[PDB]
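Residue numbers (the authors' numbering), protein chains in the order written: chain AN, 2 to 151; chain Cc, 10 to 109; chain Ab, 1 to 84; chain CR, 154 to 203; chain AW, 2 to 130; chain AL, 1 to 155; chain AH, 1 to 194. I have placed the structure first, in the form of structure tokens, so that the comments after it can refer back to it.
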RNA sequence: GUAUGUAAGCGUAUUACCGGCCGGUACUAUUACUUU
């Protein structure tokens, strides 16, 4: 495991058995359907949208109170933007490569790390190219790394 | 300047309204319908001077964007340069009360 | 016994210290608690490893301690290990 | 011409395709209380006297 | 990566009785695998096997009586017609006496002598003795 | 596609404008005897009321489809009235009883009634007479043609 | 004088008398002064009264768009009906619209192109949760008997253990009468810290 | 008494029709694989 790495390490969540509890939660799936209309309209990513509901209210799992995945909860009220979220963190992480290595070169350890997220785009973006979540003839270009994220 | 102040603009592009140029900024500066004005450090010096004298009368607040016009012009989804900008309507973003 | 006959029915307490993941079923050690900050009165439910700064709508006393593990509040907390 | 074939969906004919539900659930939330008027009119007539 | 979910499940059974593990903790509850453990019980090779199901995959507990020698697997599923099943006996079994290779044809999963009476050609998954 | 652009004139041979004297009035709604293959394949509706000429068309030319019938996938379509399709199969070795991914490539001709076939669409194929040095097949039906992921969807 | 069906049995079926006799019992369950804001439209479709040799077990066909509100009333649905229909245990059981592909030479699917909530798992999963309704299932284990037969282990730690444990013998009957899987029900007292 | 390796009924396109359970006819997502 751990593709770009030597480690065998493993870190994740741990979902419980049942799919309805919290049943003691007086909160429904409907006010959180407004909360994504309230909070997710402020530009937040689908991961961190799902982290503010856990700590604050706190609903343990929105998959138990509502059936749809949260991008569909973005979409069914119209909050799915043009760009998928996780590469949008990578390309921002990719654009910080062309901010550190534009002037401070010789960092061939850092210049190793460009080859990761370019590959970690191009293997990853090939998957989303197929799934019709962004069209083909979408080619990542080097000058586009600034404006895709900004 | 910071990366975090750039994210405050990052929700204006989905929500808020815009004025790009001296002329589009100074037009709403005359009516005072703008709130926040942006100045990048490579602004020409009298242009770096002239905008903020309005702010002493229009009672608005400006910022010294520590980047360049090439990045600020691309920090807003465009590709052409940005030397000045006034966001006349903060749609959803949090520059309504935040200082740097 | 290393050559044991029962794996379906293990002893409970060693499973409680086994792992969050490697058990016979999947359930974490984490839970939810209902913290009342001692300078205030308001009821607030929060995760164990919350990984997030929480305050009330008007009662921002302590309510959390920022860490990588569980929120270890010393003498500034009152909650329970209970689904609410 | 191919772009606008089945395009009674976009602006108004989203809800004028969702009007199948807008004429049902909006009225019939009250008509069941109007269907149960035998124990609604006679219900509050008992609590007003007793 | 878990390449073939069949074969990895088989070998840990063989990696039990050598140090004498009478029990097997086993993963991950596929219905092609549930069609296979009872064939051992159909000739009484192992003990009692049970399956808890988590809502990811499920996992299997297997008790063992200790009568096995080795269960095996040909990989991948070679296509075998009727007239050439006998080639896969002598290369895989100690003799014609005991032991059982197990293929699966379009009618289901069975013994080879079962298949030698059912007469339908199919694909090898594994073997045991 | 065509406004009869040719340095000669193109017309389906075997029909004539016969105007007044006729056994009855056999208008037939167009003077174009569109045949059919009748091998279970439905005729395309655009072939009957077509303006295209296409002497090598299997529906409307001097062609009767023969041979066998197969399916497959298509790659290139630049050349005129002609697409480049691809078929897949396996091979059985002796040393291993194992298989391989080899393939052949047969160039084929299209009537314009299957206009706008692209990569990588799915097209069935049937045989006919030799056309010009390679082409002994003809396209039968745009059967599926659906890539639900990358090719067959708008954007 | 004695009103029965046509208030609750649509949109299901008018047979039968045993489904009709509880409908005269349903209208006197409307007089509980607390459920009358709800059961005026909570409809039924069918019913069944299958016995375990001596006592009967009553099957209630909820149509399930109202299972979100059928659940919180279900504490009071079973209790007042049991003292009126003693000693016949009652439980709501939603029979589903099972979409098969028939066991033929790959027989044709269309129509009803089979969403994944409409397969043979619903014979277990969509059925087992409604039989042991308030149990809060924690674990299902598949015991495999010798001659290709099966036992399933259904786990409930303490979640209202002290009110439905006298029905787990009845629960063993109707699950084998509806699905066929031989079942046992698991007690254990240990609050297994997770 | 027992066994289960047998077919039908029964948790369901166990297809539509005319015939004496029984002939004819309406009439089916594919491959690879294997069957004759």
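Every residue gets a Cβ at the ideal spot worked out from N, C-alpha and C, and that includes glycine.
Contact criterion: CB-CB distance below 7 Å. Does residue 46 (chain Ab) meet it with respect to chain AH? The residue you call residue 46 (chain Ab) lines up with position 46 of the third chain. Interface with chain AH (7 Å Cβ-Cβ cutoff): residue 46 (chain Ab) is excluded.
List the residues of chain Cc whose Cβ lies closer than 8 Å to the Cβ of residue 42 (chain AN), in chain order. Here residue 42 (chain AN) corresponds to residue number 41 of the first chain, with the count starting at 1. Residues of chain Cc passing the Cβ test: 101.
When Cβ atoms are compared, which residues of the region 162-189 of chain CR fall closer than 8 Å to chain AH? Within the region 162-189 of chain CR, the residues whose Cβ lies closer than 8 Å to some Cβ of chain AH are 185, 186, 188, 189, listed in chain order.
By the DSSP assignment, the beta strand (DSSP E) with residue 50 (chain AW) in it spans what residues? Along the fifth chain, one-based indexing puts residue 50 (chain AW) at 49. Residue 50 (chain AW) -> beta strand (DSSP E) spans 50-53.
Are the CB atoms of residue 170 (chain AH) and residue 89 (chain AH) nearer to each other than 7 Å? Position 170 of the seventh chain, counted from the start, is the residue given in the question as residue 170 (chain AH). Position 89 of the seventh chain, counted from the start, is the residue given in the question as residue 89 (chain AH). Contact flag set, yes.
Cutting at 8 Å between CB atoms, please list the residues of its own chain near residue 28 (chain Cc), excluding the five before and the five after it. What you label residue 28 (chain Cc) is simply residue 19 of the second chain in a count that begins at 1. Result list for residue 28 (chain Cc): 34, 36, 37, 43, 94, 95, 96, 97, in chain order.
Check for me: the beta strand (DSSP E) holding residue 81 (chain Cc) runs from which residue to which? Residue 81 (chain Cc) sits at position 72 when you count from the first residue of the second chain. Looking at the DSSP string, residue 81 (chain Cc) is not in any beta strand (DSSP E); the run it does join, the alpha helix (DSSP H), is 78-81.
Residues that residue 52 (chain AL) contacts on chain AN, provided the C-beta gap is smaller than 9 Å: Within the sixth chain, the letter at position 52 stands for residue 52 (chain AL). Correct list: empty, because the minimum Cβ distance to chain AN is about 31 Å.
Identify whether residue 111 (chain AN) lies in helix, strand or coil by the three-state DSSP scheme. What you label residue 111 (chain AN) is simply residue 110 of the first chain in a count that begins at 1. Residue state, collapsed to three classes: helix.
Bridge partners - residue 72 (chain AW), DSSP secondary structure assignment: Locating residue 72 (chain AW) in the fifth chain gives position 71, counting from the first residue. DSSP, once it has assigned bridges, lists AW:129 as partnering residue 72 (chain AW).
Within chain AN, the residues that residue 5 (chain Cc) reaches when beta carbons sit closer than 8 Å: Absent from the structure is residue 5 (chain Cc), since the part of chain Cc shown begins at 10 and ends at 109.
Residue 21 (chain AN) at chain AL interface by Cβ criterion, 7 Å: Position 20 of the first chain, counted from the start, is the residue given in the question as residue 21 (chain AN). It does not: the Cβ of residue 21 (chain AN) has no partner Cβ on chain AL nearer than 7 Å.
Please work out which residues of its chain come closer than 7 Å, Cβ to Cβ, to residue 45 (chain Ab), disregarding the five sequence neighbours upstream and downstream, and give them in chain order. Residue numbering aside, residue 45 (chain Ab) sits at position 45 when the third chain is read from its first letter. In the same chain as residue 45 (chain Ab), and ignoring 5 residues on each side of it, the C-beta atoms closer than 7 Å to its own belong to 32, 34, 84, in chain order.
Can you find a C-beta in chain AN that's less than 7 Å from the C-beta of residue 27 (chain AL)? Counted from its first residue, the sixth chain places residue 27 (chain AL) at position 27. Closer than 7 Å: no.
Count the other CB atoms within 10 Å of the CB of residue 5 (chain AH); is the residue buried (16 or more) or exposed (fewer)? Position 5 of the seventh chain holds residue 5 (chain AH). Label assigned to residue 5 (chain AH): buried.
Of all the residues that make up the region 124-153 of chain AH, which are near chain Ab by a beta-carbon distance shorter than 8 Å? Hits within the stretch, in order: 138, 139, 141.
Could you tell me whether the region 36-52 of chain AN touches the region 11-24 of chain AN, where touching means 3 or more Cβ pairs closer than 8 Å? Touching, no.
Beta-carbon gap between residue 49 (chain Cc) and residue 31 (chain Cc) smaller than 7 Å: On the second chain, position 40 is the one that residue 49 (chain Cc) refers to. On the second chain, position 22 is the one that residue 31 (chain Cc) refers to. For the 7 Å CB-CB criterion, residue 49 (chain Cc) and residue 31 (chain Cc) do not form a contact.
Within 10 angstroms of the Cβ of residue 17 (chain Cc), are there 16 or more other Cβ atoms? Answer buried if so, exposed if not. Within the second chain, the letter at position 8 stands for residue 17 (chain Cc). When all chains shown are included, residue 17 (chain Cc) counts as buried.
For a test of the three-state rule: what should DSSP assign to residue 73 (chain Cc), helix, strand or coil? Working through the second chain from its first residue, we reach residue 73 (chain Cc) at position 64. Here DSSP, grouped into helix, strand and coil, assigns residue 73 (chain Cc) to strand.
Where in the region 80-138 of chain AH do unbroken runs of the alpha helix (DSSP H), each at least 4 residues long, occur, reported from the N-terminal end onward? Complete alpha helix (DSSP H) runs here, min 4: 121-131.
Verify the CB distance criterion: does residue 12 (chain Ab) have a CB-CB separation below 7 Å to chain AN? To locate residue 12 (chain Ab), count along the third chain from 1; it is residue 12. So no, residue 12 (chain Ab) is outside the interface.
Alpha carbon to alpha carbon, how far is residue 63 (chain AH) from residue 32 (chain AH)? The sequence position of residue 63 (chain AH) within the seventh chain is 63, counting from 1. The sequence position of residue 32 (chain AH) within the seventh chain is 32, counting from 1. Distance from the CA of residue 63 (chain AH) to the CA of residue 32 (chain AH), rounded to the nearest whole angstrom, comes to 23 Å.
Under three-state DSSP, which class holds residue 75 (chain AH)? Start at 1 with the first residue of the seventh chain, and residue 75 (chain AH) comes out as number 75. The answer is helix: DSSP assigns residue 75 (chain AH) an H, G or I state.
Span of the alpha helix (DSSP H) around residue 66 (chain Cc): Taking the first residue of the second chain as position 1, residue 66 (chain Cc) is located at position 57. Residue 66 (chain Cc) -> alpha helix (DSSP H) spans 54-67.
Find the residues of chain Ab that neighbour residue 193 (chain AH), judging by a C-beta separation of less than 7 Å, and give them in chain order. The residue given as residue 193 (chain AH) occupies position 193 in the seventh chain. 16, listed in chain order.
Per DSSP, cross-strand counterpart(s) of residue 137 (chain AL): Walking along the sixth chain from the start, residue 137 (chain AL) turns up at place 137. The partner list for residue 137 (chain AL) (beta bridge, DSSP) reads AL:127.
With a 10 Å radius around its C-beta and 16 neighbouring C-beta atoms as the bar for buried, classify residue 83 (chain Cc) as buried or exposed. The residue labelled residue 83 (chain Cc) in the question sits at position 74 within the second chain. Counting the other CB atoms within 10 Å of its CB gives residue 83 (chain Cc) a total of 16 or more, which places it among the buried residues.
Apart from the five residues on each side of it in sequence, which residues of its chain come closer than 6 Å, Cβ to Cβ, to residue 64 (chain AW)? As a first step, residue 64 (chain AW) must be located in the fifth chain, where it is residue number 63. The beta carbon of residue 64 (chain AW) sits closer than 6 Å to the beta carbons of 24, 48, 49 from its chain, once the five residues preceding and following it are set aside; these are given in chain order.
Tell me the start and end of each unbroken alpha helix (DSSP H) in the region 9-69 of chain AL that is at least 4 residues and wholly inside, in chain order. Annotation: the region 9-69 of chain AL contains the following complete segments of the alpha helix (DSSP H) (minimum length 4 residues), in chain order: 45-48.
On the criterion of 16 or more Cβ atoms from any shown chain inside 10 Å, does residue 65 (chain Cc) qualify as buried, or is it exposed? The residue labelled residue 65 (chain Cc) in the question sits at position 56 within the second chain. Result: exposed.
Please report whether the beta-carbon of residue 41 (chain AH) lies at a distance below 7 Å from any beta-carbon of chain CR. The sequence position of residue 41 (chain AH) within the seventh chain is 41, counting from 1. Contacts with chain CR at 7 Å (Cβ-Cβ) include residue 41 (chain AH).
Please return the same chain residues whose Cβ sits closer than 8 Å to the Cβ of residue 79 (chain Cc), not counting the five positions on each side in sequence. In the second chain, the residue the question calls residue 79 (chain Cc) occupies position 70. Apart from sequence neighbours up to five positions away, the residues of its chain that approach residue 79 (chain Cc) with a beta-carbon distance below 8 Å are 90, ordered along the chain.
Outcome for residue 59 (chain AL) when other beta-carbon atoms lying within 10 angstroms are tallied against a minimum of 16: As a first step, residue 59 (chain AL) is located in the sixth chain; it is residue number 59 there, counting from the start. Classification for residue 59 (chain AL): buried.
Which of the three DSSP states, helix, strand or coil, is assigned to residue 28 (chain AH)? Reading the seventh chain from its first residue, position 28 is the one you call residue 28 (chain AH). Shown here, residue 28 (chain AH) sits in coil according to DSSP, grouped into three states, outside any helix or strand.
With distance defined between alpha-carbon atoms, name the residue in AW:95, AW:107, AW:93, AW:66 nearest to residue 83 (chain AW). Residue numbering aside, residue 83 (chain AW) sits at position 82 when the fifth chain is read from its first letter. Ranking the options by Cα distance to residue 83 (chain AW), first place goes to AW:107.
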